[PDB]
$ cat query-v1.pdb   # PDB, C-alpha atoms
MODEL        1
ATOM      1  CA  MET A   1     112.874-130.930  26.184
ATOM      2  CA  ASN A   2     113.280-133.206  29.235
ATOM      3  CA  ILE A   3     115.734-133.689  32.151
ATOM      4  CA  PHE A   4     117.953-135.971  30.094
ATOM      5  CA  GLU A   5     118.340-133.601  27.163
ATOM      6  CA  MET A   6     118.859-130.716  29.591
ATOM      7  CA  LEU A   7     121.634-132.440  31.483
ATOM      8  CA  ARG A   8     123.191-133.736  28.292
ATOM      9  CA  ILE A   9     123.580-130.171  27.125
ATOM     10  CA  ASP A  10     125.056-128.986  30.435
ATOM     11  CA  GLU A  11     127.475-131.845  31.040
ATOM     12  CA  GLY A  12     128.440-133.016  27.543
ATOM     13  CA  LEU A  13     129.501-136.588  26.715
ATOM     14  CA  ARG A  14     133.111-137.843  27.066
ATOM     15  CA  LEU A  15     134.088-141.423  26.553
ATOM     16  CA  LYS A  16     137.585-141.129  28.076
ATOM     17  CA  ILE A  17     138.404-140.248  31.795
ATOM     18  CA  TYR A  18     138.568-136.485  32.060
ATOM     19  CA  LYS A  19     138.881-133.788  34.659
ATOM     20  CA  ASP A  20     135.804-131.774  35.515
ATOM     21  CA  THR A  21     135.621-128.022  36.096
ATOM     22  CA  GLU A  22     136.818-128.699  39.696
ATOM     23  CA  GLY A  23     139.664-130.848  38.542
ATOM     24  CA  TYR A  24     138.051-134.139  39.480
ATOM     25  CA  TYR A  25     138.178-137.381  37.546
ATOM     26  CA  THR A  26     134.874-137.867  35.635
ATOM     27  CA  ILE A  27     133.636-139.895  32.646
ATOM     28  CA  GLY A  28     130.515-140.043  30.394
ATOM     29  CA  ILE A  29     127.790-137.511  31.067
ATOM     30  CA  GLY A  30     129.153-135.814  34.188
ATOM     31  CA  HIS A  31     129.615-139.044  36.184
ATOM     32  CA  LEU A  32     132.111-138.151  38.941
ATOM     33  CA  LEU A  33     134.505-140.972  39.619
ATOM     34  CA  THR A  34     136.587-139.801  42.588
ATOM     35  CA  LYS A  35     137.771-136.607  44.243
ATOM     36  CA  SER A  36     141.125-138.342  44.600
ATOM     37  CA  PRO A  37     144.138-137.091  42.759
ATOM     38  CA  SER A  38     145.149-140.476  41.535
ATOM     39  CA  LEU A  39     144.293-141.477  37.974
ATOM     40  CA  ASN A  40     144.745-144.962  39.244
ATOM     41  CA  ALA A  41     142.168-144.461  41.920
ATOM     42  CA  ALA A  42     139.895-143.199  39.082
ATOM     43  CA  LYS A  43     140.503-146.108  36.802
ATOM     44  CA  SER A  44     139.670-148.463  39.662
ATOM     45  CA  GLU A  45     136.426-146.716  40.459
ATOM     46  CA  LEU A  46     135.564-146.816  36.773
ATOM     47  CA  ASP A  47     136.044-150.536  36.456
ATOM     48  CA  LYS A  48     134.015-151.009  39.671
ATOM     49  CA  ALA A  49     131.229-148.901  38.199
ATOM     50  CA  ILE A  50     131.040-150.664  34.809
ATOM     51  CA  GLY A  51     131.897-154.202  35.833
ATOM     52  CA  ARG A  52     134.725-154.608  33.352
ATOM     53  CA  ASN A  53     138.342-153.602  32.841
ATOM     54  CA  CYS A  54     137.900-150.482  30.925
ATOM     55  CA  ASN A  55     141.366-149.101  30.910
ATOM     56  CA  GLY A  56     139.882-145.498  31.205
ATOM     57  CA  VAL A  57     137.526-145.772  28.328
ATOM     58  CA  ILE A  58     133.846-146.667  27.945
ATOM     59  CA  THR A  59     131.227-146.973  25.151
ATOM     60  CA  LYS A  60     128.264-144.695  24.480
ATOM     61  CA  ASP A  61     125.897-147.308  25.903
ATOM     62  CA  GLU A  62     127.894-147.557  29.148
ATOM     63  CA  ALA A  63     127.861-143.776  29.458
ATOM     64  CA  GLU A  64     124.137-143.763  28.974
ATOM     65  CA  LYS A  65     123.624-146.436  31.547
ATOM     66  CA  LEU A  66     125.593-144.514  34.218
ATOM     67  CA  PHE A  67     123.554-141.446  33.197
ATOM     68  CA  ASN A  68     120.219-143.225  33.746
ATOM     69  CA  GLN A  69     121.440-144.330  37.199
ATOM     70  CA  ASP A  70     122.632-140.862  38.166
ATOM     71  CA  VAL A  71     119.371-139.144  37.159
ATOM     72  CA  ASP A  72     117.324-141.750  39.050
ATOM     73  CA  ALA A  73     119.544-141.410  42.113
ATOM     74  CA  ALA A  74     119.275-137.551  41.975
ATOM     75  CA  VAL A  75     115.411-137.738  41.924
ATOM     76  CA  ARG A  76     115.390-140.367  44.769
ATOM     77  CA  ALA A  77     117.677-138.168  46.847
ATOM     78  CA  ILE A  78     115.336-135.196  46.497
ATOM     79  CA  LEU A  79     112.338-137.352  47.495
ATOM     80  CA  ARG A  80     114.129-138.696  50.578
ATOM     81  CA  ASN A  81     115.388-135.366  51.674
ATOM     82  CA  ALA A  82     113.284-133.449  54.180
ATOM     83  CA  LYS A  83     114.398-130.099  52.951
ATOM     84  CA  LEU A  84     114.165-130.839  49.270
ATOM     85  CA  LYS A  85     110.973-132.865  48.935
ATOM     86  CA  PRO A  86     108.576-130.127  49.922
ATOM     87  CA  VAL A  87     110.118-127.753  47.396
ATOM     88  CA  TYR A  88     110.045-130.307  44.626
ATOM     89  CA  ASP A  89     106.424-131.135  45.366
ATOM     90  CA  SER A  90     105.506-127.526  45.152
ATOM     91  CA  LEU A  91     107.053-126.893  41.745
ATOM     92  CA  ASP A  92     105.680-127.247  38.215
ATOM     93  CA  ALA A  93     107.253-129.784  35.746
ATOM     94  CA  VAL A  94     109.846-127.457  34.164
ATOM     95  CA  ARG A  95     111.083-126.024  37.439
ATOM     96  CA  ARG A  96     111.306-129.549  38.863
ATOM     97  CA  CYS A  97     113.924-130.173  36.111
ATOM     98  CA  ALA A  98     115.951-127.162  37.305
ATOM     99  CA  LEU A  99     116.184-128.585  40.885
ATOM    100  CA  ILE A 100     117.089-131.992  39.652
ATOM    101  CA  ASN A 101     119.945-130.407  37.602
ATOM    102  CA  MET A 102     121.356-128.652  40.717
ATOM    103  CA  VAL A 103     121.229-131.914  42.717
ATOM    104  CA  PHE A 104     122.961-133.848  39.934
ATOM    105  CA  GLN A 105     125.760-131.229  39.802
ATOM    106  CA  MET A 106     126.249-130.437  43.382
ATOM    107  CA  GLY A 107     124.768-133.219  45.462
ATOM    108  CA  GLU A 108     121.782-133.264  47.875
ATOM    109  CA  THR A 109     123.754-131.854  50.653
ATOM    110  CA  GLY A 110     125.032-128.953  48.640
ATOM    111  CA  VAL A 111     121.597-128.008  47.366
ATOM    112  CA  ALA A 112     119.926-128.433  50.732
ATOM    113  CA  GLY A 113     122.394-125.756  51.903
ATOM    114  CA  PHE A 114     120.635-123.107  49.761
ATOM    115  CA  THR A 115     118.105-122.490  52.559
ATOM    116  CA  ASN A 116     116.937-118.980  51.564
ATOM    117  CA  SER A 117     116.598-119.733  47.835
ATOM    118  CA  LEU A 118     114.649-122.916  48.632
ATOM    119  CA  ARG A 119     112.196-120.897  50.754
ATOM    120  CA  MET A 120     111.728-118.364  47.927
ATOM    121  CA  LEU A 121     111.166-121.093  45.314
ATOM    122  CA  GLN A 122     108.558-122.674  47.594
ATOM    123  CA  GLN A 123     106.837-119.363  47.930
ATOM    124  CA  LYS A 124     106.929-118.919  44.179
ATOM    125  CA  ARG A 125     108.890-115.660  44.318
ATOM    126  CA  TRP A 126     110.713-116.315  41.057
ATOM    127  CA  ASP A 127     112.596-113.050  40.609
ATOM    128  CA  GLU A 128     113.777-112.960  44.182
ATOM    129  CA  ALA A 129     114.934-116.481  44.109
ATOM    130  CA  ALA A 130     116.938-115.954  40.865
ATOM    131  CA  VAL A 131     118.760-113.064  42.460
ATOM    132  CA  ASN A 132     119.490-115.090  45.617
ATOM    133  CA  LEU A 133     120.667-118.136  43.705
ATOM    134  CA  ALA A 134     123.272-115.984  41.863
ATOM    135  CA  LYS A 135     125.032-115.071  45.096
ATOM    136  CA  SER A 136     126.893-118.344  45.408
ATOM    137  CA  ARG A 137     130.219-119.917  44.611
ATOM    138  CA  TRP A 138     128.237-122.185  42.160
ATOM    139  CA  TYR A 139     127.246-119.136  40.005
ATOM    140  CA  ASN A 140     130.721-117.589  40.176
ATOM    141  CA  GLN A 141     132.450-120.842  39.227
ATOM    142  CA  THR A 142     130.154-122.060  36.351
ATOM    143  CA  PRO A 143     128.270-118.928  35.379
ATOM    144  CA  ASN A 144     126.881-120.026  31.928
ATOM    145  CA  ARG A 145     125.434-123.218  33.279
ATOM    146  CA  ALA A 146     124.150-121.473  36.489
ATOM    147  CA  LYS A 147     122.441-118.769  34.343
ATOM    148  CA  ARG A 148     120.701-121.449  32.288
ATOM    149  CA  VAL A 149     119.328-123.124  35.447
ATOM    150  CA  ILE A 150     118.446-119.859  37.078
ATOM    151  CA  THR A 151     116.528-118.697  33.957
ATOM    152  CA  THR A 152     114.655-121.962  34.076
ATOM    153  CA  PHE A 153     113.550-121.259  37.673
ATOM    154  CA  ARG A 154     112.817-117.698  36.842
ATOM    155  CA  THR A 155     110.578-118.337  33.796
ATOM    156  CA  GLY A 156     109.354-121.822  34.076
ATOM    157  CA  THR A 157     110.135-122.344  30.393
ATOM    158  CA  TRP A 158     112.931-124.009  28.405
ATOM    159  CA  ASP A 159     114.054-120.834  26.764
ATOM    160  CA  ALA A 160     117.660-120.966  28.101
ATOM    161  CA  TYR A 161     118.139-124.259  26.370
ATOM    162  CA  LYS A 162     116.294-123.644  23.076
ATOM    163  CA  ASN A 163     119.261-121.894  21.889
ATOM    164  CA  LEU A 164     121.708-124.724  22.563
TER     165      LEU A 164
ENDMDL
END
$ encode --input "query-v1.pdb" --output "structure tokens"
Amino acid sequence: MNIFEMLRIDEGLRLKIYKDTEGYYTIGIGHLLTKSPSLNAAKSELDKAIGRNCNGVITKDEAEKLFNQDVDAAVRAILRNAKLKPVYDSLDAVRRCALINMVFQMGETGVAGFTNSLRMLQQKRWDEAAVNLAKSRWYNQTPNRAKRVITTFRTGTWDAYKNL
């Protein structure tokens, strides 16, 4: 298993503009288009992102290209962030995937806000961190996905996904 397969399981693949769990316009593999309520604003962002008139629909290839960009950008954000980098550097390969997943879902800023959990992960207090991570809006809003990520941090294995 790798970051791509992990995220593909968590986000799914949709080739037509759709609304995410938060009600925002998204396409492909969890590629947020706009927080704006206008489908028109979304279609515009889409065309800007792909470089063609898509009329709200894209191909598999296009979805995969956006996905490669998003994953790369998530990693780069962690490496540039003063709060995130040190944690990332301290983690093993599997756990590194769990942090990248959070950043992809919630943005750098959002993750950097989990101060206490970050400190516990850095200290390698797995059980404590899993308990702290669960006390968040994130966990309450998307519990099945949060549990998968949390189990990943907790165990350092891909068990939560070997099911799926």
$ residues_around --input "query-v1.pdb" --residues "range 16-30 of chain A" --least-positions-apart "5" --cutoff "9 Å" --atoms "only C-alpha atoms" --output "PDB file with C-alpha atoms, keeping the file's coordinate frame"
ATOM      1  CA  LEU A   7     121.634-132.440  31.483  1.00  0.00           C
ATOM      2  CA  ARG A   8     123.191-133.736  28.292  1.00  0.00           C
ATOM      3  CA  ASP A  10     125.056-128.986  30.435  1.00  0.00           C
ATOM      4  CA  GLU A  11     127.475-131.845  31.040  1.00  0.00           C
ATOM      5  CA  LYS A  35     137.771-136.607  44.243  1.00  0.00           C
ATOM      6  CA  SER A  36     141.125-138.342  44.600  1.00  0.00           C
ATOM      7  CA  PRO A  37     144.138-137.091  42.759  1.00  0.00           C
ATOM      8  CA  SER A  38     145.149-140.476  41.535  1.00  0.00           C
ATOM      9  CA  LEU A  39     144.293-141.477  37.974  1.00  0.00           C
ATOM     10  CA  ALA A  42     139.895-143.199  39.082  1.00  0.00           C
ATOM     11  CA  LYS A  43     140.503-146.108  36.802  1.00  0.00           C
ATOM     12  CA  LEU A  46     135.564-146.816  36.773  1.00  0.00           C
ATOM     13  CA  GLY A  56     139.882-145.498  31.205  1.00  0.00           C
ATOM     14  CA  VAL A  57     137.526-145.772  28.328  1.00  0.00           C
ATOM     15  CA  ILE A  58     133.846-146.667  27.945  1.00  0.00           C
ATOM     16  CA  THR A  59     131.227-146.973  25.151  1.00  0.00           C
ATOM     17  CA  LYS A  60     128.264-144.695  24.480  1.00  0.00           C
ATOM     18  CA  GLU A  62     127.894-147.557  29.148  1.00  0.00           C
ATOM     19  CA  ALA A  63     127.861-143.776  29.458  1.00  0.00           C
ATOM     20  CA  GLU A  64     124.137-143.763  28.974  1.00  0.00           C
ATOM     21  CA  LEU A  66     125.593-144.514  34.218  1.00  0.00           C
ATOM     22  CA  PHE A  67     123.554-141.446  33.197  1.00  0.00           C
ATOM     23  CA  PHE A 104     122.961-133.848  39.934  1.00  0.00           C
ATOM     24  CA  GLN A 105     125.760-131.229  39.802  1.00  0.00           C
ATOM     25  CA  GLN A 141     132.450-120.842  39.227  1.00  0.00           C
ATOM     26  CA  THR A 142     130.154-122.060  36.351  1.00  0.00           C
TER      27      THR A 142
END
$ closest_atom_pairs --input "query-v1.pdb" --of "range 19-129 of chain A" --to "range 154-158 of chain A" --cutoff "7 Å" --atoms "all atoms listed in the file" --output "JSON lines"
{"residue": "A:94", "atom": "CA", "partner": "A:156", "partner_atom": "CA", "distance": 5.7}
{"residue": "A:95", "atom": "CA", "partner": "A:156", "partner_atom": "CA", "distance": 5.7}
{"residue": "A:126", "atom": "CA", "partner": "A:154", "partner_atom": "CA", "distance": 4.9}
{"residue": "A:127", "atom": "CA", "partner": "A:154", "partner_atom": "CA", "distance": 6.0}
$ resolve_selection --input "query-v1.pdb" --expression "the PyMOL selection byres ((chain A and resi 147) around 12)" --output "list in words"
residues 10, 98, 102, 130, 131, 133, 134, 135, 136, 138, 139, 140, 141, 142, 143, 144, 145, 146, 148, 149, 150, 151, 152, 153, 154, 155, 159, 160 and 161 of chain A
$ atom_distance --input "query-v1.pdb" --atom1 "CA of residue 50 in chain A" --atom2 "CA of residue 77 in chain A"
21.9 Å
$ atom_distance --input "query-v1.pdb" --atom1 "CA of residue 108 in chain A" --atom2 "CA of residue 78 in chain A"
6.9 Å
$ closest_residue --input "query-v1.pdb" --among "A:162, A:48, A:65, A:137" --to "residue 106 in chain A" --atoms "all atoms listed in the file"
A:137
$ residues_around --input "query-v1.pdb" --residues "residue 119 in chain A" --least-positions-apart "5" --cutoff "10 Å" --atoms "only C-alpha atoms" --output "VMD selection string"
chain A and resid 83 86 to 87 114 124 to 125 129
$ atom_distance --input "query-v1.pdb" --atom1 "CA of residue 132 in chain A" --atom2 "CA of residue 84 in chain A"
17.0 Å
$ axis_aligned_box --input "query-v1.pdb" --around "range 4-7 of chain A" --padding-each-side "8 Å" --output "lines of an AutoDock Vina configuration file"
center_x = 119.8
center_y = -133.3
center_z = 29.3
size_x = 19.7
size_y = 21.3
size_z = 20.3
$ closest_residue --input "query-v1.pdb" --among "A:51, A:107, A:101, A:76" --to "residue 9 in chain A" --atoms "only C-alpha atoms"
A:101
$ decode --input "query-v1.pdb" --residues "range 39-62 of chain A" --atoms "N, CA and C atoms" --output "PDB file, in the first residue's frame"
ATOM      1  N   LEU A  39     -22.216  26.889  -8.917  1.00  0.00           N
ATOM      2  CA  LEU A  39     -21.798  25.809  -9.805  1.00  0.00           C
ATOM      3  C   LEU A  39     -21.025  26.383 -10.993  1.00  0.00           C
ATOM      4  N   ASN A  40     -21.333  27.624 -11.260  1.00  0.00           N
ATOM      5  CA  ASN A  40     -20.697  28.334 -12.330  1.00  0.00           C
ATOM      6  C   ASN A  40     -19.299  28.709 -11.914  1.00  0.00           C
ATOM      7  N   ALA A  41     -19.161  29.159 -10.675  1.00  0.00           N
ATOM      8  CA  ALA A  41     -17.845  29.446 -10.167  1.00  0.00           C
ATOM      9  C   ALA A  41     -16.993  28.157 -10.184  1.00  0.00           C
ATOM     10  N   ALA A  42     -17.631  27.007  -9.936  1.00  0.00           N
ATOM     11  CA  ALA A  42     -16.950  25.710  -9.938  1.00  0.00           C
ATOM     12  C   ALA A  42     -16.550  25.280 -11.332  1.00  0.00           C
ATOM     13  N   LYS A  43     -17.447  25.494 -12.276  1.00  0.00           N
ATOM     14  CA  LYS A  43     -17.104  25.067 -13.624  1.00  0.00           C
ATOM     15  C   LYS A  43     -15.936  25.869 -14.186  1.00  0.00           C
ATOM     16  N   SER A  44     -15.857  27.131 -13.764  1.00  0.00           N
ATOM     17  CA  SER A  44     -14.813  28.042 -14.190  1.00  0.00           C
ATOM     18  C   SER A  44     -13.459  27.632 -13.616  1.00  0.00           C
ATOM     19  N   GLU A  45     -13.462  27.309 -12.352  1.00  0.00           N
ATOM     20  CA  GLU A  45     -12.264  26.848 -11.681  1.00  0.00           C
ATOM     21  C   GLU A  45     -11.795  25.567 -12.333  1.00  0.00           C
ATOM     22  N   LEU A  46     -12.735  24.678 -12.635  1.00  0.00           N
ATOM     23  CA  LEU A  46     -12.403  23.425 -13.295  1.00  0.00           C
ATOM     24  C   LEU A  46     -11.667  23.620 -14.626  1.00  0.00           C
ATOM     25  N   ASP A  47     -12.255  24.445 -15.457  1.00  0.00           N
ATOM     26  CA  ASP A  47     -11.658  24.699 -16.758  1.00  0.00           C
ATOM     27  C   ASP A  47     -10.261  25.319 -16.643  1.00  0.00           C
ATOM     28  N   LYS A  48     -10.110  26.185 -15.616  1.00  0.00           N
ATOM     29  CA  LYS A  48      -8.831  26.833 -15.298  1.00  0.00           C
ATOM     30  C   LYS A  48      -7.805  25.754 -14.856  1.00  0.00           C
ATOM     31  N   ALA A  49      -8.276  24.782 -14.100  1.00  0.00           N
ATOM     32  CA  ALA A  49      -7.406  23.753 -13.608  1.00  0.00           C
ATOM     33  C   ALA A  49      -6.928  22.769 -14.651  1.00  0.00           C
ATOM     34  N   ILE A  50      -7.780  22.462 -15.611  1.00  0.00           N
ATOM     35  CA  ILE A  50      -7.514  21.446 -16.658  1.00  0.00           C
ATOM     36  C   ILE A  50      -6.954  22.024 -17.958  1.00  0.00           C
ATOM     37  N   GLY A  51      -7.312  23.266 -18.233  1.00  0.00           N
ATOM     38  CA  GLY A  51      -6.824  23.934 -19.420  1.00  0.00           C
ATOM     39  C   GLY A  51      -7.677  23.637 -20.632  1.00  0.00           C
ATOM     40  N   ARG A  52      -8.926  23.297 -20.390  1.00  0.00           N
ATOM     41  CA  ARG A  52      -9.887  23.050 -21.459  1.00  0.00           C
ATOM     42  C   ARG A  52     -11.285  23.344 -20.974  1.00  0.00           C
ATOM     43  N   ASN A  53     -12.244  23.399 -21.891  1.00  0.00           N
ATOM     44  CA  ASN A  53     -13.632  23.621 -21.522  1.00  0.00           C
ATOM     45  C   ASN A  53     -14.143  22.273 -21.198  1.00  0.00           C
ATOM     46  N   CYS A  54     -14.399  22.034 -19.971  1.00  0.00           N
ATOM     47  CA  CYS A  54     -14.785  20.684 -19.613  1.00  0.00           C
ATOM     48  C   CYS A  54     -16.282  20.514 -19.481  1.00  0.00           C
ATOM     49  N   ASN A  55     -16.998  21.614 -19.269  1.00  0.00           N
ATOM     50  CA  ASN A  55     -18.392  21.483 -19.093  1.00  0.00           C
ATOM     51  C   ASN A  55     -18.661  20.501 -17.926  1.00  0.00           C
ATOM     52  N   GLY A  56     -17.976  20.684 -16.784  1.00  0.00           N
ATOM     53  CA  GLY A  56     -18.195  19.852 -15.548  1.00  0.00           C
ATOM     54  C   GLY A  56     -17.775  18.385 -15.585  1.00  0.00           C
ATOM     55  N   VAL A  57     -17.119  18.000 -16.625  1.00  0.00           N
ATOM     56  CA  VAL A  57     -16.714  16.613 -16.651  1.00  0.00           C
ATOM     57  C   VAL A  57     -15.283  16.477 -17.125  1.00  0.00           C
ATOM     58  N   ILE A  58     -14.575  15.507 -16.550  1.00  0.00           N
ATOM     59  CA  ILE A  58     -13.181  15.217 -16.890  1.00  0.00           C
ATOM     60  C   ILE A  58     -12.955  13.700 -17.093  1.00  0.00           C
ATOM     61  N   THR A  59     -11.807  13.343 -17.706  1.00  0.00           N
ATOM     62  CA  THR A  59     -11.430  11.960 -17.933  1.00  0.00           C
ATOM     63  C   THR A  59     -10.636  11.405 -16.739  1.00  0.00           C
ATOM     64  N   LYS A  60     -10.440  10.098 -16.725  1.00  0.00           N
ATOM     65  CA  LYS A  60      -9.696   9.431 -15.693  1.00  0.00           C
ATOM     66  C   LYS A  60      -8.278  10.001 -15.556  1.00  0.00           C
ATOM     67  N   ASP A  61      -7.625  10.146 -16.708  1.00  0.00           N
ATOM     68  CA  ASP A  61      -6.301  10.698 -16.846  1.00  0.00           C
ATOM     69  C   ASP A  61      -6.158  12.069 -16.204  1.00  0.00           C
ATOM     70  N   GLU A  62      -7.139  12.949 -16.489  1.00  0.00           N
ATOM     71  CA  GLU A  62      -7.184  14.304 -15.957  1.00  0.00           C
ATOM     72  C   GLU A  62      -7.330  14.261 -14.440  1.00  0.00           C
TER      73      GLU A  62
END
